[PDB]
Visitor: 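Shown below is the structure under consideration.
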Amino acid sequence: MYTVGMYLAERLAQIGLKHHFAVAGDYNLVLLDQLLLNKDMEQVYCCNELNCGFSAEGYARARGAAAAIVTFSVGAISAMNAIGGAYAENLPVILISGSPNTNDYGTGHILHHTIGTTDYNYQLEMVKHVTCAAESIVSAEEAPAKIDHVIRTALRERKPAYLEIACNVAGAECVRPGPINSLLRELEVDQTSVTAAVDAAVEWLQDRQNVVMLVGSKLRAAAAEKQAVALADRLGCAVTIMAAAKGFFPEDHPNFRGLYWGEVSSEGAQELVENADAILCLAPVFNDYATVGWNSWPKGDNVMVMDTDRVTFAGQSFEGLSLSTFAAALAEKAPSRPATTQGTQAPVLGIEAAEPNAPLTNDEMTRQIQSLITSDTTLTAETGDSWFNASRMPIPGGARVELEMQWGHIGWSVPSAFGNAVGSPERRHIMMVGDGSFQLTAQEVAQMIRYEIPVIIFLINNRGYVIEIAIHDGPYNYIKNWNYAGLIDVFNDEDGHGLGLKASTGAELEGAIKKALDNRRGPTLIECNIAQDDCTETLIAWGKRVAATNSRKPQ
Amino acid sequence: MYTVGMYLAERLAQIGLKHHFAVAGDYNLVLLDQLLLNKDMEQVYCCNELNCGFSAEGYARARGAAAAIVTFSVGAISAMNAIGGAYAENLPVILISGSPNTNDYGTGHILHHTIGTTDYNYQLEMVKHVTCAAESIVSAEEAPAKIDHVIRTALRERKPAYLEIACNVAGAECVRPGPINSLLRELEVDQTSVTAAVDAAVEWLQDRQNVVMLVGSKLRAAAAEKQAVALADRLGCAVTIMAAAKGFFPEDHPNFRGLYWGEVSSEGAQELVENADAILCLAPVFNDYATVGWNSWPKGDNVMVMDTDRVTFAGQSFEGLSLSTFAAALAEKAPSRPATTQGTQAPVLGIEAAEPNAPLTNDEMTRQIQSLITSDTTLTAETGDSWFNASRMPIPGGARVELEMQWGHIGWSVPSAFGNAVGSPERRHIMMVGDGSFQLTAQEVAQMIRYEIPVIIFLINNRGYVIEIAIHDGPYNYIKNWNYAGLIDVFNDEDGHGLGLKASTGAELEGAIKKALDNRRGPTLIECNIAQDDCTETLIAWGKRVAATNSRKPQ
Amino acid sequence: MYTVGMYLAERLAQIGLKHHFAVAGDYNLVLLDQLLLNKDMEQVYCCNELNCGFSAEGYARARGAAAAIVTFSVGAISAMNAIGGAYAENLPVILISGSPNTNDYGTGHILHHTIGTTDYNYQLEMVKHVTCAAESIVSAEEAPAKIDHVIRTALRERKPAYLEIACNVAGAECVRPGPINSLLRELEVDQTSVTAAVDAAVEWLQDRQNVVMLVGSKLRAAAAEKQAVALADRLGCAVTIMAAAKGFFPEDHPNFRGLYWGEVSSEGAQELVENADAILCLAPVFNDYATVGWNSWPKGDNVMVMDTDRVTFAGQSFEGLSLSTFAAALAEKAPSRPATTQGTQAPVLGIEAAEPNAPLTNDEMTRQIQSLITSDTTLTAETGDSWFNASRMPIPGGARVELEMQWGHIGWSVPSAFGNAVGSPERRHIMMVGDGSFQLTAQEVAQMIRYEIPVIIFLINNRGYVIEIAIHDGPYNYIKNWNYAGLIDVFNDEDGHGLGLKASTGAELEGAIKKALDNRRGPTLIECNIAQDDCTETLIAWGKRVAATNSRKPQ
Ligand SMILES: Cc1ncc(C[n+]2csc(CCOP(=O)(O)OP(=O)(O)O)c2C)c(N)n1
Ligand SMILES: Cc1ncc(C[n+]2csc(CCOP(=O)(O)OP(=O)(O)O)c2C)c(N)n1
Ligand SMILES: Cc1ncc(C[n+]2csc(CCOP(=O)(O)OP(=O)(O)O)c2C)c(N)n1
Ligand SMILES: [Mg+2]
Ligand SMILES: [Mg+2]
Ligand SMILES: [Mg+2]
């Protein structure tokens with residue numbers, strides 16, 4: 001007996017998934033059983049569906065795709081928040097939901113876990129707004145076409161997708177999937193467009209001596225990181241990153257000149273980019289946060305925007321190509337433009353160590369975290385002042401930084417780091433999460449414990465929502481303090497090997513970090529006591545610009 | 001300076017809210033400031049937006065309405081789950097989201113907390129599927145009409161509604177709201193219909209000696225609890241409840257004859273209902289869980305269905321009336337029909353006290369919890385075996401029992417008990433939650449601690465999803481155990497006055513209950529060690545019927 | 001045998017429908033049979049579903065409600081345009097669609113008249129955007145509730161609504177509807193609010209001497225025509241209408257002072273409104289066309305806006321009332337304010353009779369049409385220069401003018417007049433329609449002929465889209481000329497009593513009108529030869545303002 005659920009599981013295995021995330025409910029139990037029969041995947045359980053969804057999202061940052069299985073409505077609607085986040089962050093997460101028995105359609109039956117009307121279609125209609133494809137299976141006959149359609153579309157678009165499978169069809173006899181080379185099939189490229197684009201680009205660079213590359217947060221989605229390097233080596237020009245693009249270009253590189261983020265840029269990088277004769281933007285996302293409230297937005301005659309399927313410059317826009325293909329072809333023909341590398345250098349941390357027994361500062365915490373980042377390290381940085389600490393940390397080549405600056409859902413980091421570490425266990429896994437963020441999703445630390453995932457968690461306990469205080473202060477920014485370190489042994493109970501530690505000084509942090517490195521059978525949470533008043537100066541400047549922009553009057 | 005947010009606050013206070021629930025975010029901060037200016041309300045903060053929504057939902061069970069305020073997308077989509085919950089359970093919860101600055105509409109700008117496209121309307125489009133009204137405010141001029149339409153429709157339909165307010169409109173100058181008697185305005189009743197319905201009902205009851213009232217879960221939504229009592233008193237007939245209707249009819253009543261729930265009914269009640277010549281159903285919801293998988297569903301010649309706005313019986317349907325006005329009018333003219341009360345008795349708990357040092361049983365735990373329920377007690381019972389324990393407990397008249405049997409989102413109980421206790425602090429608040437459920441929403445116990453809410457939480461630690469085991473067993477039912485009692489110390493830190501206790505015997509439970517009653521400055525969690533095998537026999541019988549119905553094969 | 005379709009037919013009869021409109025399709029044939037069994041209604045067939053929908057719309061203008069019955073998708077989507085129009089113009093039209101057999105739900109079957117996917121819900125999801133209620137019926141048991149919900153909501157909201165009925169459920173056995181007084185039940189009014197609103201309104205009028213009523217296009221939707229007269233009688237002030245409100249206030253009232261429409265107002269009416277101390281706006285719609293491109297929009301301190309459910313003035317807004325109840329209560333307490341009636345005059349047509357043999361002018365045509373308008377005449381005026389001719393015609397009390405100025409769908413007038421004449425056959429029915437408009441819907445004249453409906457059609461053959469030429473000229477405004485008068489013979493064939501006549505002079509028009517008045521057994525089309533450049537001066541002035549407003553550059 002080969003079933004619909006096995007077809008799904010076999011295709012998920014062919015994507016490269018070694019795991020999928022689940023929360024059981026009576027609409028998906030038979031489905032979950034079919035997925036357990038597949039030998040190439042482990043079925044990982046989560047506390048709640050918001051966390052399950054974000055676990056899949058993190059797994060997708062490790063493996064290029066992921067799958068989250070939930071129950072109808074009560075499960076799926078919370079997961080839709082994580083799916084919207086996958087869409088925002090350009091990740092192929094597949095959300096599969098159990099759905100009502102086929103015999104209930106066209107009857108007028110009221111069903112459990114619904115709003116209590118005869119419409120069972122509302123979940124599909126809701127989820128279409130946060131997915132690139134969305135299908136519902138009510139027969140075994142139609143399942144192959146729909147399963148494959150959602151997976152193929154997700155992988156090609158780099159966007160999440162949705163399936164629902166009727167609870168009484170997940171175990172129904174289904175045809176077997178045929179063999180494949182890859183489930184990712186790109187669109188065929190138009191060589192006329194690439195050629196005309198390259199030649200136009202070469203002509204445009206002729207009278208432009210000061211050239212800067214600006215790397216954007218869609219570069220990984222374009223699968224063009226290597227072609228970005230190739231291009232950079234032939235131009236020999238300065239390379240900068242947008243905040244959300246950290247780790248998508250090696251900061252090791254001899255021509256790297258730091259972070260462009262308007263008035264909160266690395267030293268020199270603002271005037272570098274803003275005075276350049278040619279700015280080559282590689283897959284940028286110029287949203288209100290990245291532009292510091294619409295103040296720092298490169299555009300005009302001096303800008304070339306290289307999106308994932310398009311390049312635009314000099315009054316022209318060339319389409320039917322990929323960033324991968326255009327960057328590779330332009331690399332062949334690009335002239336030397338080294339001027340912007342001369343009389344500049346890669347930015348440094350600029351934090352000399354603190355007196356080891358003094359109260360722990362933000363700079364000092366940032367310094368020790370930075371020293372932990374190897375070339376086999378993944379650092380997950382939460383929305384909060386962690387964006388601004390992570391943004392000023394130099395990293396070695398091969399190191400991966402995970403940011404969620406488009407969606408910006410606080411608490412993302414805990415289940416994301418869990419999913420990421422499950423998907424790339426060979427790497428060292430670090431995360432920086434604020435106290436506020438941590439409270440939304442804290443319970444997934446228990447699943448890190450259950451599955452023995454050695455994430456090192458730097459909890460910044462600054463007694464509130466500090467980034468919100470820098471935008472607009474009020475009573476809503478002040479939260480109930482927990483003993484975050486002591487939470488670990490509650491989640492351990494009898495079995496677990498999590499470790500909960502405290503650090504109120506440089507010397508205490510140093511010692512906690514040693515014990516964290518040695519703890520291999522579970523996570524280690526280092527509660528860092530940082531003063532509420534002790535945040536980055538970059539956060540305070542950005543926050544003021546964001547507050548002004550959000551509050552600007554109507555017309 | 002009178003503002004849009006102030007207009008909203010004033011109307012919310014006019015509904016009778018003394019609290020509203022919020023999670024801050026930059027899209028709603030200015031709105032939160034305006035709501036804070038209102039003298040008649042306190043602003044209660046939550047850990048996450050899912051919990052914030054269920055806290056409002058619990059508050060609405062106490063006060064008849066509630067408000068949750070969230071930020072765009074990252075907040076709102078989680079809260080949509082709880083709003084779907086509010087729809088399912090017929091509760092006027094208003095969800096208010098902060099939304100984008102008016103100046104970004106029609107520009108093409110990409111905004112933080114969005115999926116990254118130019119569509120800002122997608123949240124409104126999603127939330128329409130789980131609300132009775134949903135509006136978007138982008139000007140102070142239109143705000144009054146949209147605020148009032150949302151609030152009025154919610155209250156009248158007994159369904160949740162949605163508002164989004166542009167972050168730069170919340171503090172814009174607005175006209176003042178006029179004085180009101182009540183924002184609940186009902187539809188005019190059609191007396192021609194009432195009269196004909198009553199006259200037809202009297203004629204239908206002429207040759208029907210065995211009459212039984214079956215009280216349903218929409219009776220509170222109909223605002224017809226008193227009229228139900230008047231009708232029972234006049235008929236003098238037997239009165240039963242459906243599982244979801246507990247506390248909507250007084251179990252004190254001399255003519256009460258227990259729970260009707262198919263094969264898992266109280267003693268006698270199945271035979272009583274199913275053999276009656278007339279069954280008067282008052283506001284039923286005959287879903288798949290309530291009918292035990294379509295096996296126990298009263299319909300046909302012997303059945304009268306009284307919906308909130310309609311009566312159906314004897315091949316006729318009468319509308320333009322309300323359950324309240326029809327029940328009253330029928331009580332005036334109803335014949336005496338006492339035959340079903342003669343010789344029978346109201347059902348008894350029937351649990352003998354255990355030996356005080358024997359390992360704690362489900363029965364013994366149920367016995368001690370049942371003794372805590374007074375006429376001023378609210379018992380919130382979670383989806384789990386707590387549904388079946390709660391449904392076999394007799395309660396005194398005036399006792400309130402909260403079940404979420406249509407939506408059935410595990411974890412609902414914790415934030416719902418929180419909001420309900422905040423809304424009715426004069427009452428004693430008891431909570432029955434399973435270990436599995438507790439893990440989804442655990443963190444809101446920290447808000448009970450923050451706001452000093454003396455909920456007594458009976459945590460049933462049976463080491464997994466036991467109700468899911470009764471449907472279909474597999475590895476997905478077994479969760480990571482926590483030290484649930486010890487979690488209270490973590491949430492307390494230095495501030496709090498919550499108490500965490502364990503009970504493994506009848507005597508240990510007794511002492512923990514006594515310390516629970518004496519703790520007025522915070523919640524008391526009592527972790528009860530119940531065996532995984534030791535669940536009610538009703539759960540097992542009901543579980544098998546549900547599995548067989550859910551799994552029935554396609555056509 | 002009492003069926004679902006009979007329940008529907010009986011509820012439609014109870015609203016006051018003596019007709020419903022249909023286009024047969026295999027999905028609705030059985031439903032159409034059920035409807036035909038109803039003794040109180042005739043079933044009227046239309047050429048196409050756009051026309052069917054607009055025929056219902058016109059019927060609703062006569063009788064307050066209407067019904068159009070169509071087939072799935074191929075029928076319903078065209079009808080949605082008319083439904084959109086009904087929403088725009090505040091008319092309770094019920095669109096009923098046949099839909100798929102219930103056994104196809106949850107199967108994956110591909111069905112005829114669909115887009116060819118397994119989704120059959122897409123029609124319902126589309127129509128929700130242009131309706132106040134939308135329900136799908138897949139069982140006889142649920143049919144009564146859904147039928148009554150859509151009808152009651154439509155009548156109370158004064159908006160259209162949607163039903164779909166499965167093609168195998170329309171003939172299914174149903175319970176019978178109970179007797180009613182009226183299917184229109186209003187919301188109970190809040191006396192506290194009315195009292196405060198009237199008392200603040202009186203106080204506000206006490207301090208303001210020059211008062212002017214401005215009658216708006218939602219006054220009929222408010223059902224407040226008579227209360228408006230009472231208010232005008234107690235106030236004794238000048239009364240003006242907005243263009244779309246023509247006929248909603250009697251123009252031979254001694255205090256009527258004409259049309260307010262910015263710079264295209266009738267003589268003296270612009271100054272009268274714009275220099276007033278108080279402007280009482282009774283149910284206005286201030287769209288871009290009504291305000292002459294936002295140049296003439298009364299607002300601010302001298303303005304009181306009475307909506308259908310709200311009153312707003314002097315920094316306050318009162319709700320929980322109706323325009324009907326509020327204006328009646330204000331009519332008993334308001335002060336006398338006659339100053340704006342003194343000196344001024346009710347405006348006249350001001351067109352001298354042309355020399356009878358001179359080429360027909362726009363003025364001469366307008367003069368002769370104005371003469372036909374009696375107290376029991378209904379004039380349907382199409383989008384085009386007819387808007388501007390109708391708006392400069394004085395009409396006696398009781399006369400009705402139908403304009404579609406919110407939706408503005410050219411061609412609406414032909415099927416609208418047809419439905420209106422079917423619904424109000426005791427009246428004289430006149431139509432003004434342009435050549436361009438007529439071409440979209442000309443075939444419904446054949447239905448006028450079929451059903452012997454004596455509409456007098458004045459077809460203005462100005463050879464193109466003259467209103468669009470005044471906005472912005474180009475080749476898209478010039479259309480193929482037809483022999484419009486000769487079309488009547490084609491539709492007559494050997495059977496009908498339509499008359500088609502040409503008028504190129506005042507004498508020929510006079511002769512044609514006399515023949516039109518004598519033709520009782522069918523419509524009379526009078527094709528009037530009007531020069532392309534002979535359009536009203538008001539159209540030119542208005543056209544320029546609209547063009548400038550639409551083209552205004554982005555920011
Ligand atoms: C789900 C969600 N809710 C609310 C917000 C709004 N928000 C953004 S940053 C922030 C504060 C984060 O606090 P913390 O985690 O303590 O970081 P800190 O700024 O203190 O370092 C909030 C409440 C959000 N982005 N996502
Ligand atoms: C959000 C959500 N996810 C999943 C489910 C499916 N579900 C129903 S009962 C249940 C088990 C609850 O277990 P517990 O709280 O331990 O109570 P017990 O049955 O053990 O008494 C689950 C996972 C649900 N109802 N809601
Ligand atoms: C369905 C539809 N299509 C197009 C338009 C745009 N439009 C508005 S007025 C008009 C011209 C109408 O021409 P005619 O009926 O001859 O009247 P005239 O302007 O000549 O008086 C057009 C095409 C519309 N309102 N509705
Ligand atoms: Mg913080
Ligand atoms: Mg359990
Ligand atoms: Mg024309």
Side-chain angles (χ1 to χ4, degrees), chain A residues 22 24 26 29 32-33 45 47-48 50 73-74 77-78 80-81 84 87-88 101-103 110-113 115-116 122 125-126 129-130 167-169 285 287-289 406-409 439-440 442-443 446 450 468 471-472 474 476-477 480-483 486-487 490-491 493 550-554, chain B residues 22 24 26 29 32-33 45 47-48 50 73-74 77-78 80-81 84 87-88 101-103 110-113 115-116 122 125-126 129-130 167-168 285 287-289 406-409 439-440 442-443 446 450 468 471-472 474 476-477 480-483 486-487 490-491 493 495 550-554:
Chain A
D26 65 349
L29 298 180
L32 292 177
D33 286 346
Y45 308 114
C47 296
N48 69 44
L50 181 71
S73 268
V74 293
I77 296 169
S78 292
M80 288 183 207
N81 196 339
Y87 202 104
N101 184 291
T102 59
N103 294 288
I110 312 304
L111 300 178
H112 78 277
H113 305 329
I115 64 167
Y122 68 90
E125 296 303 327
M126 288 167 78
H129 300 273
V130 301
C167 62
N168 67 326
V169 170
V285 172
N287 68 23
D288 56 335
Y289 274 11
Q406 178 52 49
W407 200 234
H409 185 295
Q439 294 192 13
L440 279 91
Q443 58 266 83
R450 164 174 188 172
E468 293 294 284
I471 296 156
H472 196 77
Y476 36 71
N477 297 325
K480 177 68 185 75
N481 193 48
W482 302 353
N483 179 21
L487 185 56
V490 171
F491 294 152
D493 192 48
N550 291 358
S551 70
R552 95 203 106 121
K553 64 157 78 83
Chain B
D26 67 343
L29 299 185
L32 293 179
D33 287 353
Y45 308 116
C47 294
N48 69 45
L50 177 60
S73 286
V74 289
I77 296 178
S78 281
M80 285 180 206
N81 201 340
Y87 199 104
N101 189 278
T102 60
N103 294 283
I110 312 308
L111 304 177
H112 74 279
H113 307 328
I115 62 171
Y122 71 91
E125 297 298 322
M126 290 171 74
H129 296 277
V130 292
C167 64
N168 68 324
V285 169
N287 70 21
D288 63 325
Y289 275 9
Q406 179 57 43
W407 199 234
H409 185 298
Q439 294 193 4
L440 284 90
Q443 56 260 89
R450 175 175 181 173
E468 290 296 319
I471 293 158
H472 190 116
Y476 40 73
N477 295 332
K480 177 68 185 75
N481 192 53
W482 302 352
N483 180 19
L487 189 54
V490 171
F491 293 160
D493 195 46
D495 301 74
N550 285 343
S551 76
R552 70 197 194 283
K553 68 219 287 280

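A note on names: the letters A, B, ... follow the listed sequences, proteins ahead of strands, and every chain is numbered from 1.
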Visitor: Specify which of B:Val130, B:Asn48, B:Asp493 makes the most heavy-atom pairs with chain A at under 4.5 Å.
Guide: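 Sorted descending by pairs with chain A, the first entry is B:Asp493.
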Visitor: Whether the side chain of B:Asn168 engages the backbone of B:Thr102 through a donor-acceptor N/O pair (distance < 3.5 Å, no angle test) should be reported.
Guide: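 Yes; at least one donor-acceptor contact below 3.5 Å.
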Visitor: Could you tell me which portion of B:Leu50 (side chain, backbone, both or neither) has an atom closer than 4.5 angstrom to a non-hydrogen atom of chain A?
Guide: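 Side chain only.
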Visitor: Does any backbone or side-chain atom of B:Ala446 lie under 4.5 Å from a heavy atom of chain A? Answer side chain, backbone, both or neither.
Guide: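 Both parts, backbone and side chain.
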Visitor: Where on B:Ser78 is there a heavy atom nearer than 4.5 Å to chain A: the side chain, the backbone, both, or neither?
Guide: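 Both the backbone and the side chain of B:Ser78 come within 4.5 Å of chain A.
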Visitor: Can you find a pair of side-chain heavy atoms, one from A:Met80 and one from B:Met80, that are under 4.5 Å apart?
Guide: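 They are not in contact (no side-chain heavy atoms under 4.5 Å apart), so the answer is no.
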Visitor: Tell me every residue that passes salt bridge (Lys or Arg N to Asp or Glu O under 4.0 Å) with A:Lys480, counting only those two or more places apart in sequence or in another chain.
Guide: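 B:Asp495.
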Visitor: I need the residue from B:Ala22, B:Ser551, B:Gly474, B:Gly408 with the largest number of non-hydrogen atom pairs under 4.5 Å to chain A.
Guide: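 The residue among B:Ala22, B:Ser551, B:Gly474, B:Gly408 with the greatest pair count is B:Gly408.
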Visitor: What residue, out of B:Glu468, B:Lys553, B:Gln439, B:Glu125, has the most heavy-atom pairs lying under 4.5 Å from chain A?
Guide: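 Looking at each of B:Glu468, B:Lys553, B:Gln439, B:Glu125 in turn, B:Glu468 comes out on top.
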Visitor: For the candidates A:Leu487, A:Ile471, A:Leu111, which exhibits the highest count of non-hydrogen atom pairs separated by less than 4.5 Å from chain B?
Guide: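 Among the listed options, the one with the most contacts to chain B is A:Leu111.
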Visitor: Between chain B and each of A:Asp26, A:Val285, A:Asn287, count heavy-atom pairs under 4.5 Å; write down the option with the most.
Guide: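 Counting heavy-atom pairs under 4.5 Å, the top option is A:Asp26.
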Visitor: Minimum heavy-atom separation for A:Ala442 to A:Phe491, with atom names?
Guide: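 That closest heavy-atom pairing would be O-CE1, 3.7 Å.
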Visitor: Are B:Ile115 and A:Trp407 close enough that some pair of their side-chain heavy atoms sits under 4.5 Å apart?
Guide: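 Heavy-atom side-chain distance check passes, below 4.5 Å.
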Visitor: Measuring heavy-atom distances to chain A, does B:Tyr45 have an atom under 4.5 Å in its side chain, in its backbone, in both, or in neither?
Guide: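 Contact with chain A involves the side chain of B:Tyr45 alone.
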Visitor: May I ask you to name which of A:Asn81, A:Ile77, A:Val169, A:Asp33 has the most heavy-atom pairs under 4.5 Å with chain B?
Guide: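 The answer is A:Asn81.
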Visitor: Donor-acceptor check, side chain of A:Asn550 to backbone of B:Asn101, threshold 3.5 angstrom: yes or no?
Guide: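 Answer holds: no.
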Visitor: Counting heavy-atom pairs under 4.5 Å with chain A, which one of B:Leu440, B:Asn481, B:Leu32 comes out on top?
Guide: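 So the answer, after comparing B:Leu440, B:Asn481, B:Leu32, is B:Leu440.
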Visitor: How many angstroms lie between atom OG of A:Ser73 and atom NE2 of B:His129, to the nearest 0.5 angstrom?
Guide: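 A:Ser73 OG to B:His129 NE2: 12.0 Å, rounded to 0.5 Å.
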Visitor: Sequence neighbours excluded, which residues qualify as side chain to side chain donor-acceptor pair (under 3.5 Å) partners of A:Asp288?
Guide: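 So A:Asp288 forms a side chain to side chain donor-acceptor pair (under 3.5 Å) with B:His112.
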